[PDB]
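File shown: upload33.csv (CSV, C-alpha atoms and all ligand atoms).
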chain,number,residue,atom,x,y,z
A,812,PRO,CA,13.8,66.7,-6.0
A,813,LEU,CA,14.9,66.1,-2.4
A,814,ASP,CA,11.8,64.3,-1.3
A,815,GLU,CA,13.3,61.0,-2.5
A,816,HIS,CA,16.1,61.2,0.1
A,817,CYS,CA,14.0,62.2,3.2
A,818,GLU,CA,15.9,60.1,5.6
A,819,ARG,CA,18.6,62.7,5.9
A,820,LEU,CA,16.1,65.4,7.0
A,821,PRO,CA,15.8,66.6,10.6
A,822,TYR,CA,13.2,65.8,13.1
A,823,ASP,CA,13.5,68.5,15.8
A,824,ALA,CA,11.6,66.9,18.7
A,825,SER,CA,12.0,70.0,20.8
A,826,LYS,CA,9.8,71.8,18.3
A,827,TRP,CA,7.4,69.2,17.0
A,828,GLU,CA,7.0,66.5,19.7
A,829,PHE,CA,3.5,66.5,21.1
A,830,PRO,CA,2.7,64.4,24.3
A,831,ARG,CA,0.4,61.5,23.6
A,832,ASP,CA,-1.6,62.3,26.7
A,833,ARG,CA,-2.7,65.6,25.1
A,834,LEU,CA,-4.2,63.8,22.2
A,835,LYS,CA,-7.8,62.4,22.4
A,836,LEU,CA,-8.2,60.0,19.5
A,837,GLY,CA,-11.6,59.8,17.8
A,838,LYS,CA,-13.1,58.1,14.8
A,839,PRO,CA,-11.2,57.0,11.7
A,840,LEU,CA,-11.3,59.4,8.7
A,841,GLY,CA,-9.8,56.8,6.4
A,842,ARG,CA,-8.2,53.4,6.6
A,843,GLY,CA,-5.9,51.5,4.2
A,844,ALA,CA,-4.1,48.2,4.5
A,845,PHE,CA,-1.3,49.5,6.6
A,846,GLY,CA,-2.2,53.1,7.6
A,847,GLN,CA,-5.1,55.2,8.8
A,848,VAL,CA,-6.0,58.8,9.5
A,849,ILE,CA,-7.9,59.4,12.7
A,850,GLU,CA,-9.8,62.5,13.9
A,851,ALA,CA,-8.5,63.7,17.2
A,852,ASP,CA,-8.8,66.5,19.7
A,853,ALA,CA,-5.3,67.9,20.5
A,854,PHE,CA,-5.0,70.0,23.6
A,855,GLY,CA,-2.8,73.1,23.0
A,856,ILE,CA,-1.1,71.8,19.9
A,857,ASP,CA,-1.0,75.2,18.2
A,858,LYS,CA,-2.5,77.7,20.5
A,859,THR,CA,-1.9,77.7,24.3
A,860,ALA,CA,-4.6,75.7,26.3
A,861,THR,CA,-6.8,75.5,23.2
A,862,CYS,CA,-8.4,72.3,22.1
A,863,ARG,CA,-8.1,71.7,18.4
A,864,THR,CA,-9.6,69.1,16.1
A,865,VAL,CA,-6.7,67.5,14.1
A,866,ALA,CA,-6.1,64.7,11.7
A,867,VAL,CA,-3.6,62.0,12.8
A,868,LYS,CA,-1.9,59.6,10.5
A,869,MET,CA,-0.7,56.5,12.0
A,870,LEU,CA,-0.2,52.8,11.2
A,871,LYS,CA,-2.5,49.9,11.8
A,872,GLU,CA,-2.6,46.1,12.0
A,873,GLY,CA,-0.7,44.8,8.9
A,874,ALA,CA,2.0,47.5,9.0
A,875,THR,CA,5.6,46.5,9.5
A,876,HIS,CA,8.8,48.4,10.4
A,877,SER,CA,9.0,49.3,6.7
A,878,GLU,CA,5.8,51.4,6.9
A,879,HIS,CA,7.0,52.9,10.2
A,880,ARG,CA,10.1,54.1,8.4
A,881,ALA,CA,7.9,55.5,5.6
A,882,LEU,CA,5.7,57.4,8.0
A,883,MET,CA,8.8,58.8,9.7
A,884,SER,CA,10.0,60.0,6.3
A,885,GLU,CA,6.6,61.6,5.7
A,886,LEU,CA,7.0,63.5,9.0
A,887,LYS,CA,10.4,64.7,8.0
A,888,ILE,CA,9.3,65.9,4.5
A,889,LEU,CA,6.3,67.7,6.0
A,890,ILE,CA,8.6,69.6,8.3
A,891,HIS,CA,10.8,70.5,5.3
A,892,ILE,CA,7.8,71.6,3.2
A,893,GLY,CA,6.5,73.8,6.0
A,894,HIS,CA,3.2,75.7,6.0
A,895,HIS,CA,1.1,77.1,3.3
A,896,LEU,CA,-2.6,77.9,3.2
A,897,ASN,CA,-3.2,75.3,0.5
A,898,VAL,CA,-1.3,72.4,1.9
A,899,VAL,CA,-2.3,70.2,4.8
A,900,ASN,CA,0.1,71.5,7.5
A,901,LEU,CA,2.0,69.6,10.1
A,902,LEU,CA,1.1,70.6,13.7
A,903,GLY,CA,3.0,68.0,15.7
A,904,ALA,CA,4.1,64.4,16.1
A,905,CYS,CA,4.3,61.7,18.6
A,906,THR,CA,7.5,59.7,18.0
A,907,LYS,CA,8.4,58.6,21.5
A,908,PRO,CA,8.9,54.9,22.2
A,909,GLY,CA,6.0,53.0,23.7
A,910,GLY,CA,3.3,54.2,21.3
A,911,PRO,CA,2.7,54.5,17.6
A,912,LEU,CA,4.3,57.1,15.4
A,913,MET,CA,1.6,59.7,14.9
A,914,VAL,CA,1.8,62.5,12.3
A,915,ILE,CA,-0.6,65.3,13.4
A,916,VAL,CA,-1.9,67.7,10.8
A,917,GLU,CA,-4.7,70.2,10.2
A,918,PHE,CA,-8.1,68.8,10.0
A,919,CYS,CA,-10.2,69.7,7.0
A,920,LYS,CA,-13.9,69.8,7.9
A,921,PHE,CA,-15.4,68.8,4.6
A,922,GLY,CA,-12.9,66.2,3.5
A,923,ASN,CA,-12.0,65.1,0.0
A,924,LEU,CA,-13.0,67.4,-2.8
A,925,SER,CA,-14.2,64.7,-5.2
A,926,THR,CA,-16.8,63.4,-2.8
A,927,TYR,CA,-17.8,66.9,-1.7
A,928,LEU,CA,-18.3,68.2,-5.3
A,929,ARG,CA,-20.3,65.1,-6.2
A,930,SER,CA,-22.6,65.9,-3.2
A,931,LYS,CA,-23.2,69.4,-4.6
A,932,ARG,CA,-24.6,68.6,-8.1
A,933,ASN,CA,-28.0,69.7,-6.9
A,934,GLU,CA,-26.5,72.8,-5.3
A,935,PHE,CA,-24.6,74.4,-8.1
A,936,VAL,CA,-25.3,77.5,-10.2
A,937,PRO,CA,-22.7,79.0,-12.5
A,938,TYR,CA,-23.4,82.5,-11.1
A,939,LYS,CA,-25.5,84.0,-8.3
A,994,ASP,CA,-30.9,83.3,0.0
A,995,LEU,CA,-32.1,80.3,-2.0
A,996,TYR,CA,-28.6,79.7,-3.3
A,997,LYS,CA,-26.8,80.5,0.0
A,998,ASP,CA,-24.7,77.3,0.2
A,999,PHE,CA,-24.6,76.7,-3.5
A,1000,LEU,CA,-21.3,76.2,-5.4
A,1001,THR,CA,-20.7,78.5,-8.3
A,1002,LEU,CA,-18.1,78.9,-11.1
A,1003,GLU,CA,-16.3,81.3,-8.8
A,1004,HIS,CA,-15.9,78.5,-6.2
A,1005,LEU,CA,-14.6,76.0,-8.8
A,1006,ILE,CA,-12.1,78.4,-10.3
A,1007,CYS,CA,-11.1,79.5,-6.8
A,1008,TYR,CA,-10.4,75.8,-5.7
A,1009,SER,CA,-8.4,75.4,-8.9
A,1010,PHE,CA,-6.4,78.5,-8.2
A,1011,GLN,CA,-5.8,77.4,-4.6
A,1012,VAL,CA,-4.5,74.0,-5.6
A,1013,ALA,CA,-2.2,75.7,-8.2
A,1014,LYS,CA,-0.9,77.9,-5.4
A,1015,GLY,CA,-0.3,74.9,-3.1
A,1016,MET,CA,1.5,73.0,-5.9
A,1017,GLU,CA,3.6,76.1,-6.7
A,1018,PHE,CA,4.5,76.1,-3.1
A,1019,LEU,CA,5.4,72.4,-3.0
A,1020,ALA,CA,7.5,73.0,-6.1
A,1021,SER,CA,9.3,75.8,-4.3
A,1022,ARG,CA,10.2,73.3,-1.6
A,1023,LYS,CA,11.8,71.0,-4.3
A,1024,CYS,CA,9.0,68.5,-3.7
A,1025,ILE,CA,6.6,66.8,-6.0
A,1026,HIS,CA,3.3,65.2,-5.2
A,1027,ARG,CA,3.1,62.1,-7.4
A,1028,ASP,CA,-0.6,61.4,-6.6
A,1029,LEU,CA,-2.3,64.7,-7.4
A,1030,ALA,CA,-6.1,64.1,-7.7
A,1031,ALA,CA,-9.3,65.5,-6.3
A,1032,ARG,CA,-9.3,62.6,-3.7
A,1033,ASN,CA,-6.2,64.2,-2.3
A,1034,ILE,CA,-7.6,67.7,-2.1
A,1035,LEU,CA,-9.4,68.5,1.1
A,1036,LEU,CA,-11.9,71.2,1.7
A,1037,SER,CA,-11.7,73.2,4.9
A,1038,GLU,CA,-13.9,76.1,6.2
A,1039,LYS,CA,-14.2,79.4,4.3
A,1040,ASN,CA,-13.7,77.6,1.0
A,1041,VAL,CA,-10.1,76.9,1.6
A,1042,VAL,CA,-8.7,73.8,-0.1
A,1043,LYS,CA,-5.6,72.0,0.9
A,1044,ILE,CA,-3.4,69.5,-0.8
A,1045,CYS,CA,-2.9,66.3,1.1
A,1046,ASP,CA,-1.4,62.9,0.5
A,1047,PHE,CA,-3.5,60.3,2.2
A,1048,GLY,CA,-1.0,57.6,1.2
A,1049,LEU,CA,-1.1,54.5,3.3
A,1050,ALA,CA,-4.4,55.6,4.8
A,1051,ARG,CA,-6.1,54.7,1.5
A,1052,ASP,CA,-6.6,51.1,0.6
A,1053,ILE,CA,-5.1,51.3,-3.0
A,1054,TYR,CA,-5.7,47.6,-3.6
A,1055,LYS,CA,-9.4,48.2,-3.1
A,1056,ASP,CA,-9.8,51.7,-4.5
A,1057,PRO,CA,-10.8,51.6,-8.1
A,1058,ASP,CA,-8.7,54.8,-8.8
A,1059,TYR,CA,-5.6,52.6,-8.4
A,1060,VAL,CA,-5.2,50.0,-11.2
A,1061,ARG,CA,-2.9,47.0,-11.2
A,1062,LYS,CA,0.0,47.6,-13.5
A,1063,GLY,CA,2.7,44.9,-13.0
A,1064,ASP,CA,2.9,44.4,-9.2
A,1065,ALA,CA,1.9,48.0,-8.4
A,1066,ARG,CA,-1.4,49.7,-7.9
A,1067,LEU,CA,-1.2,53.0,-9.7
A,1068,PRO,CA,-3.5,56.0,-10.3
A,1069,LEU,CA,-3.4,55.5,-14.1
A,1070,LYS,CA,-6.1,58.0,-14.9
A,1071,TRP,CA,-4.1,60.8,-13.3
A,1072,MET,CA,-0.7,59.8,-14.7
A,1073,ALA,CA,1.3,61.6,-17.4
A,1074,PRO,CA,2.3,59.4,-20.4
A,1075,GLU,CA,6.0,59.6,-19.4
A,1076,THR,CA,5.0,58.4,-15.9
A,1077,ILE,CA,3.0,55.5,-17.4
A,1078,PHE,CA,5.5,54.5,-20.0
A,1079,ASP,CA,8.9,55.7,-18.6
A,1080,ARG,CA,8.3,55.7,-14.8
A,1081,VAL,CA,9.2,59.4,-14.9
A,1082,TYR,CA,7.9,61.6,-12.0
A,1083,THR,CA,8.5,65.3,-12.2
A,1084,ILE,CA,6.8,68.5,-11.3
A,1085,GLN,CA,5.6,68.6,-14.9
A,1086,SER,CA,4.0,65.2,-14.6
A,1087,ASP,CA,2.2,66.7,-11.6
A,1088,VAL,CA,1.0,69.4,-13.9
A,1089,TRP,CA,-0.6,66.7,-16.1
A,1090,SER,CA,-2.3,65.3,-13.0
A,1091,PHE,CA,-3.4,68.8,-12.1
A,1092,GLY,CA,-5.2,69.0,-15.5
A,1093,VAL,CA,-7.0,65.8,-14.6
A,1094,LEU,CA,-7.9,67.4,-11.2
A,1095,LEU,CA,-9.3,70.4,-13.1
A,1096,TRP,CA,-11.5,68.1,-15.1
A,1097,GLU,CA,-12.6,66.5,-11.8
A,1098,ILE,CA,-13.4,69.9,-10.4
A,1099,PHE,CA,-15.3,71.1,-13.5
A,1100,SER,CA,-17.2,67.8,-13.7
A,1101,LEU,CA,-18.2,68.3,-10.0
A,1102,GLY,CA,-16.4,65.2,-8.9
A,1103,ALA,CA,-16.9,62.8,-11.8
A,1104,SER,CA,-14.5,60.0,-12.4
A,1105,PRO,CA,-12.1,60.7,-15.3
A,1106,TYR,CA,-12.3,59.0,-18.7
A,1107,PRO,CA,-15.9,58.0,-18.4
A,1108,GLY,CA,-16.7,54.9,-20.3
A,1109,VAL,CA,-13.1,54.0,-21.0
A,1110,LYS,CA,-11.4,50.8,-20.0
A,1111,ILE,CA,-8.1,51.6,-18.4
A,1112,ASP,CA,-5.9,49.2,-20.2
A,1113,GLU,CA,-3.0,49.0,-22.6
A,1114,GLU,CA,-5.1,50.5,-25.4
A,1115,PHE,CA,-6.1,53.5,-23.2
A,1116,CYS,CA,-2.4,54.2,-22.5
A,1117,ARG,CA,-1.5,53.9,-26.2
A,1118,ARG,CA,-4.3,56.3,-27.2
A,1119,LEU,CA,-3.3,58.7,-24.5
A,1120,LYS,CA,0.3,58.7,-25.7
A,1121,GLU,CA,-1.1,59.2,-29.3
A,1122,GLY,CA,-2.8,62.4,-28.2
A,1123,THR,CA,-6.4,61.4,-27.3
A,1124,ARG,CA,-7.9,63.5,-24.5
A,1125,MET,CA,-11.0,63.8,-22.4
A,1126,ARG,CA,-13.8,66.0,-23.7
A,1127,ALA,CA,-14.9,69.1,-21.8
A,1128,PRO,CA,-16.7,68.4,-18.6
A,1129,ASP,CA,-20.2,69.8,-17.9
A,1130,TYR,CA,-19.3,72.8,-15.8
A,1131,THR,CA,-16.2,74.1,-17.5
A,1132,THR,CA,-15.7,77.4,-19.1
A,1133,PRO,CA,-13.9,77.4,-22.5
A,1134,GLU,CA,-10.8,78.9,-20.9
A,1135,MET,CA,-10.7,76.2,-18.2
A,1136,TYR,CA,-11.0,73.4,-20.7
A,1137,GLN,CA,-8.1,74.9,-22.7
A,1138,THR,CA,-6.1,75.0,-19.5
A,1139,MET,CA,-6.8,71.3,-19.1
A,1140,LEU,CA,-5.6,70.6,-22.6
A,1141,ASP,CA,-2.5,72.7,-21.9
A,1142,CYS,CA,-1.7,70.6,-18.8
A,1143,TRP,CA,-2.1,67.5,-21.0
A,1144,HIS,CA,0.5,68.5,-23.5
A,1145,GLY,CA,2.4,65.4,-24.7
A,1146,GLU,CA,5.7,67.2,-24.0
A,1147,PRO,CA,6.3,67.8,-20.3
A,1148,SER,CA,8.3,70.9,-20.9
A,1149,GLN,CA,5.4,72.4,-23.0
A,1150,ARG,CA,2.9,72.1,-20.2
A,1151,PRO,CA,2.5,75.2,-18.2
A,1152,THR,CA,4.4,75.5,-14.9
A,1153,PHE,CA,2.5,75.8,-11.6
A,1154,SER,CA,3.7,79.4,-11.4
A,1155,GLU,CA,2.2,80.1,-14.9
A,1156,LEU,CA,-1.0,78.3,-13.8
A,1157,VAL,CA,-1.2,80.4,-10.7
A,1158,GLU,CA,-1.1,83.6,-12.8
A,1159,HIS,CA,-3.5,82.2,-15.4
A,1160,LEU,CA,-6.1,80.9,-12.9
A,1161,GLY,CA,-5.8,84.1,-10.9
A,1162,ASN,CA,-6.7,86.0,-14.1
A,1163,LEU,CA,-9.6,83.6,-14.8
A,1164,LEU,CA,-10.9,84.0,-11.2
A,1165,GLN,CA,-10.8,87.7,-11.6
A,1166,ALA,CA,-12.5,87.5,-15.0
A,1167,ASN,CA,-15.3,85.5,-13.4
A,1168,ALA,CA,-15.8,88.4,-11.0
B,1201,LIG,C1,4.4,64.0,1.9
B,1201,LIG,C2,3.1,64.5,2.4
B,1201,LIG,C3,2.1,63.9,3.2
B,1201,LIG,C4,1.1,64.8,3.3
B,1201,LIG,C5,-0.1,64.7,4.1
B,1201,LIG,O1,-1.2,65.3,3.7
B,1201,LIG,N1,-0.1,63.9,5.1
B,1201,LIG,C6,-1.1,63.6,6.0
B,1201,LIG,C7,-0.9,63.5,7.3
B,1201,LIG,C8,-1.9,63.2,8.2
B,1201,LIG,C9,-3.2,63.1,7.8
B,1201,LIG,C10,-3.4,63.2,6.4
B,1201,LIG,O2,-4.7,63.1,5.9
B,1201,LIG,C11,-5.7,64.0,6.3
B,1201,LIG,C12,-5.5,65.3,6.7
B,1201,LIG,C13,-6.5,66.2,7.0
B,1201,LIG,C14,-7.8,65.6,6.9
B,1201,LIG,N2,-8.9,66.2,7.1
B,1201,LIG,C15,-9.8,65.2,6.9
B,1201,LIG,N3,-11.2,65.5,6.9
B,1201,LIG,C16,-12.2,64.6,6.7
B,1201,LIG,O3,-12.0,63.4,6.5
B,1201,LIG,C17,-13.5,65.1,6.9
B,1201,LIG,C18,-14.6,64.3,7.6
B,1201,LIG,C19,-14.7,64.5,6.1
B,1201,LIG,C20,-9.2,64.1,6.5
B,1201,LIG,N4,-7.9,64.3,6.5
B,1201,LIG,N5,-6.9,63.5,6.2
B,1201,LIG,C21,-2.4,63.5,5.5
B,1201,LIG,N6,1.4,65.9,2.5
B,1201,LIG,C22,0.7,67.1,2.3
B,1201,LIG,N7,2.6,65.7,1.9

Any chance you could put this one into structure tokens?
Ligand SMILES: Cc1cc(C(=O)Nc2cccc(Oc3ccc4nc(NC(=O)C5CC5)cn4n3)c2)n(C)n1
Amino acid sequence: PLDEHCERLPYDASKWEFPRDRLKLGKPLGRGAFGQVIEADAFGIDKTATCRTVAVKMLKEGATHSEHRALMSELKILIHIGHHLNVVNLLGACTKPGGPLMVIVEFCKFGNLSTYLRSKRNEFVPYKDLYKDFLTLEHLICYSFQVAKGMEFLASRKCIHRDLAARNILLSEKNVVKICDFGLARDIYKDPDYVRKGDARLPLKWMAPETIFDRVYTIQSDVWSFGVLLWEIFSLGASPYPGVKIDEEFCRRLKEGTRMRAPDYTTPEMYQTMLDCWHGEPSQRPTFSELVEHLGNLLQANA
């Protein structure tokens, strides 16, 4: 993957630089130790003379030059990745001296998918006036399909995600979901999804065994995380491994082949897809291209 050597990638200011005076900063959408994402109104960022609500990642009190460098690398990799319906897309950046580095991307109205799905437990029917804004199996399979599409796209750009999870999937209008990476804008030392392992705070419940045990990150470890994301979707935003202490024993049992049981809203095919994504052998997990085909088929079969 090339997303490990981002520093060599271009930042074409003539294309991407957006004047700070055309950006009206609003309320925070999330804050971490060193970073934050702010809602903003950007004047003419993507359509002439048109105000657009955007999401702006920038640093905050606590951040150092190290985080600034990291955010610049994120900007460069976003340019490299480019645009897809199912990825949060870069719209512009403010990089000029005299103000903070700001990475400006599409704003997703409904925010993170885990929180959203958890808010819809009382507004779900597998199939359907009364149920106008209800989620259905079609929605859940559709979100799954879309994330697979976005990951297939990221893979085509020779990138890997490394923190795939429902908290990093954002819901926009018209049931479009987008892969994001909140990164420094999340407080990982305070977020229970990130567990202390050594001197790192890691998303253990989403990590493939080879990642946990061997520090190996590949597109196939993202497929494992995608299986966990599927479980999150088909549990309507439940936390993975309910009633399991996330410790050395968990990791051992996981490596041994123990897996989550089927969540409440799954279809049998979807649960089997989860199990497939959780193959112990990375090369035996489906690829995102295969998942795209498969989920497209399940989405159609639902219709
Ligand atoms: C590498 C790499 C990095 C990224 C990346 O995504 N960077 C990124 C950049 C800027 C903001 C950001 O986070 C966002 C983005 C859109 C958004 N919309 C909401 N909406 C809400 O909160 C709603 C009120 C509920 C919240 N955000 N936060 C993520 N990628 C894809 N790859």

Exercise. With all atoms listed in the file counted, which protein, DNA or RNA residues have an atom no more than 12 Å from (-8.9, 57.6, 0.4) in the file frame? Please answer as a ChimeraX atom specification.
Key: /A:839-844,846-848,922-926,1028,1030-1035,1045-1059

Quiz prompt | Ref. answer, residues at most 10 Å from (-12.7, 74.9, 2.3) with all atoms listed in the file, as number ranges by chain | solution = A: 897, 919-922, 924, 1004, 1008, 1034-1043

Practice problem: Measuring atom to atom with only C-alpha atoms and all ligand atoms, identify which of A:1014, A:1062, A:1124, A:1026 is nearest to ligand LIG 1201 (chain B). | Solution: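 Smallest distance to ligand LIG 1201 (chain B) is found for A:1026.
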
Quiz prompt | Spatial neighbours of residue 883 in chain A, 10 Å, all atoms listed in the file, chain gap at least 6 places, as a list in words | solution = residues 817, 818, 822, 877, 889, 904, 906, 912, 913 and 914 of chain A

Saved selection, atoms kept: C-alpha atoms, as a short mmCIF file (atom, residue, chain, number, x, y, z; two decimals), keeping the file's coordinate frame:
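part-v9.cif, written as the output of this step:
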data_model
loop_
_atom_site.label_atom_id
_atom_site.label_comp_id
_atom_site.auth_asym_id
_atom_site.auth_seq_id
_atom_site.Cartn_x
_atom_site.Cartn_y
_atom_site.Cartn_z
CA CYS A 817 14.00 62.20 3.20
CA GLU A 818 15.90 60.10 5.60
CA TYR A 822 13.20 65.80 13.10
CA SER A 877 9.00 49.30 6.70
CA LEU A 889 6.30 67.70 6.00
CA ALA A 904 4.10 64.40 16.10
CA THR A 906 7.50 59.70 18.00
CA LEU A 912 4.30 57.10 15.40
CA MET A 913 1.60 59.70 14.90
CA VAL A 914 1.80 62.50 12.30
#

Quiz item: In Å, with one decimal, what is the gap from CA of residue 1117 in chain A to CA of residue 1069 in chain A?
Solution: 12.4 Å

Using the incomplete input, complete range 913-930 of chain A to the level of N, CA and C atoms; output as a PDB file, in the frame of the given file.
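Below is the file that was written, result.pdb:
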ATOM      1  N   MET A 913       2.802  59.003  15.275  1.00  0.00           N
ATOM      2  CA  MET A 913       1.600  59.700  14.900  1.00  0.00           C
ATOM      3  C   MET A 913       1.996  61.070  14.276  1.00  0.00           C
ATOM      4  N   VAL A 914       1.480  61.322  13.078  1.00  0.00           N
ATOM      5  CA  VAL A 914       1.800  62.500  12.300  1.00  0.00           C
ATOM      6  C   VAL A 914       0.505  63.386  12.379  1.00  0.00           C
ATOM      7  N   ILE A 915       0.576  64.531  13.054  1.00  0.00           N
ATOM      8  CA  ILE A 915      -0.600  65.300  13.400  1.00  0.00           C
ATOM      9  C   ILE A 915      -0.671  66.531  12.520  1.00  0.00           C
ATOM     10  N   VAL A 916      -1.746  66.652  11.749  1.00  0.00           N
ATOM     11  CA  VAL A 916      -1.900  67.700  10.800  1.00  0.00           C
ATOM     12  C   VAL A 916      -3.244  68.414  10.954  1.00  0.00           C
ATOM     13  N   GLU A 917      -3.404  69.541  10.271  1.00  0.00           N
ATOM     14  CA  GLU A 917      -4.700  70.200  10.200  1.00  0.00           C
ATOM     15  C   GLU A 917      -5.804  69.353   9.774  1.00  0.00           C
ATOM     16  N   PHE A 918      -6.939  69.462  10.451  1.00  0.00           N
ATOM     17  CA  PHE A 918      -8.100  68.800  10.000  1.00  0.00           C
ATOM     18  C   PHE A 918      -8.956  69.638   9.088  1.00  0.00           C
ATOM     19  N   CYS A 919      -9.442  69.037   8.002  1.00  0.00           N
ATOM     20  CA  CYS A 919     -10.200  69.700   7.000  1.00  0.00           C
ATOM     21  C   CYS A 919     -11.679  69.277   7.089  1.00  0.00           C
ATOM     22  N   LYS A 920     -12.551  70.166   7.556  1.00  0.00           N
ATOM     23  CA  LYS A 920     -13.900  69.800   7.900  1.00  0.00           C
ATOM     24  C   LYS A 920     -14.703  68.990   6.864  1.00  0.00           C
ATOM     25  N   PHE A 921     -14.573  69.362   5.594  1.00  0.00           N
ATOM     26  CA  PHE A 921     -15.400  68.800   4.600  1.00  0.00           C
ATOM     27  C   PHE A 921     -14.802  67.639   3.806  1.00  0.00           C
ATOM     28  N   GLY A 922     -13.528  67.370   4.073  1.00  0.00           N
ATOM     29  CA  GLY A 922     -12.900  66.200   3.500  1.00  0.00           C
ATOM     30  C   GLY A 922     -12.631  66.280   2.043  1.00  0.00           C
ATOM     31  N   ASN A 923     -12.565  65.122   1.392  1.00  0.00           N
ATOM     32  CA  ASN A 923     -12.000  65.100   0.000  1.00  0.00           C
ATOM     33  C   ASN A 923     -12.951  65.827  -0.967  1.00  0.00           C
ATOM     34  N   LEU A 924     -12.299  66.540  -1.874  1.00  0.00           N
ATOM     35  CA  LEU A 924     -13.000  67.400  -2.800  1.00  0.00           C
ATOM     36  C   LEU A 924     -13.833  66.682  -3.786  1.00  0.00           C
ATOM     37  N   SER A 925     -13.384  65.510  -4.230  1.00  0.00           N
ATOM     38  CA  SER A 925     -14.200  64.700  -5.200  1.00  0.00           C
ATOM     39  C   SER A 925     -15.554  64.389  -4.623  1.00  0.00           C
ATOM     40  N   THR A 926     -15.546  63.795  -3.432  1.00  0.00           N
ATOM     41  CA  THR A 926     -16.800  63.400  -2.800  1.00  0.00           C
ATOM     42  C   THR A 926     -17.649  64.622  -2.483  1.00  0.00           C
ATOM     43  N   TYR A 927     -17.019  65.703  -2.037  1.00  0.00           N
ATOM     44  CA  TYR A 927     -17.800  66.900  -1.700  1.00  0.00           C
ATOM     45  C   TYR A 927     -18.437  67.467  -2.963  1.00  0.00           C
ATOM     46  N   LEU A 928     -17.678  67.620  -4.047  1.00  0.00           N
ATOM     47  CA  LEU A 928     -18.300  68.200  -5.300  1.00  0.00           C
ATOM     48  C   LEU A 928     -19.394  67.298  -5.788  1.00  0.00           C
ATOM     49  N   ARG A 929     -19.211  65.986  -5.700  1.00  0.00           N
ATOM     50  CA  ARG A 929     -20.300  65.100  -6.200  1.00  0.00           C
ATOM     51  C   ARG A 929     -21.531  65.204  -5.340  1.00  0.00           C
ATOM     52  N   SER A 930     -21.409  65.705  -4.114  1.00  0.00           N
ATOM     53  CA  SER A 930     -22.600  65.900  -3.200  1.00  0.00           C
ATOM     54  C   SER A 930     -23.283  67.199  -3.515  1.00  0.00           C
TER      55      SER A 930
END
